[PDB]
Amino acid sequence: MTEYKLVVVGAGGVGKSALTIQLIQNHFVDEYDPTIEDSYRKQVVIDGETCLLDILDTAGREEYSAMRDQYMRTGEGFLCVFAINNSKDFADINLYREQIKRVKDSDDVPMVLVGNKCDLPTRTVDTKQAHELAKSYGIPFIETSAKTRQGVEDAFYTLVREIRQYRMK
């Protein structure tokens, strides 16, 4: 059994908890339970491999920003979540991406860009800008909805495959 330390990051209210709870409970929360820090240990089969996922569901509220350095040190890969239809000029994705690079003193930390809430009205330009951002950064982009489950397994499993690749290199 192979272990993977995944961390879900992003601004408050973007859907980190809803994505995690879709994966582990097969349920859409349809409720905002603002996070401090929750940690899950889950045995999941990915590509036929039995995986132990240690998933840290982190706080996006700015009042909890001091907790970031600790979870960035321990995390092996990061889901960087934003609301596709409210990308805020990528400001939060850029800050989390830089903080991860600085804390881990590494330019190639496993990372997936997750554009969540794609069930809500979304402009073509915002979907295309997200795809071009991910291409510029050399990381995958996955469009998700915690409401419909679109993309949820793809986001988490893509991050696990990137950690596999990083380890094999």
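Residue numbers run from 1 along the displayed sequence.
Student: Could you check which stretch, 59 to 67 or 102 to 110, carries the larger mean CA temperature factor in the entry?
Tutor: For C-alpha atoms only, the mean B-factor is higher in 102 to 110.
Student: For the higher mean C-alpha B factor in the entry, choose 116 to 124 or 129 to 137.
Tutor: Per the PDB entry, the higher value belongs to 116 to 124.
Student: Per the entry, which of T144, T50, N26, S39 tops the list for Cα B factor?
Tutor: Comparing C-alpha B-factors across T144, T50, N26, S39, the maximum falls on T50.
Student: Considering every modelled residue of the chain and its Cα B-factor in the PDB entry, is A83 in the lowest, middle or highest third?
Tutor: As the PDB entry reports it, the C-alpha B-factor of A83 lands in the lowest third of its chain.
Student: Consider only the C-alpha atoms of the modelled residues in this chain, order them by B-factor as the entry records it, and name the third containing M72: lowest, middle or highest.
Tutor: It falls in the top third of the chain.
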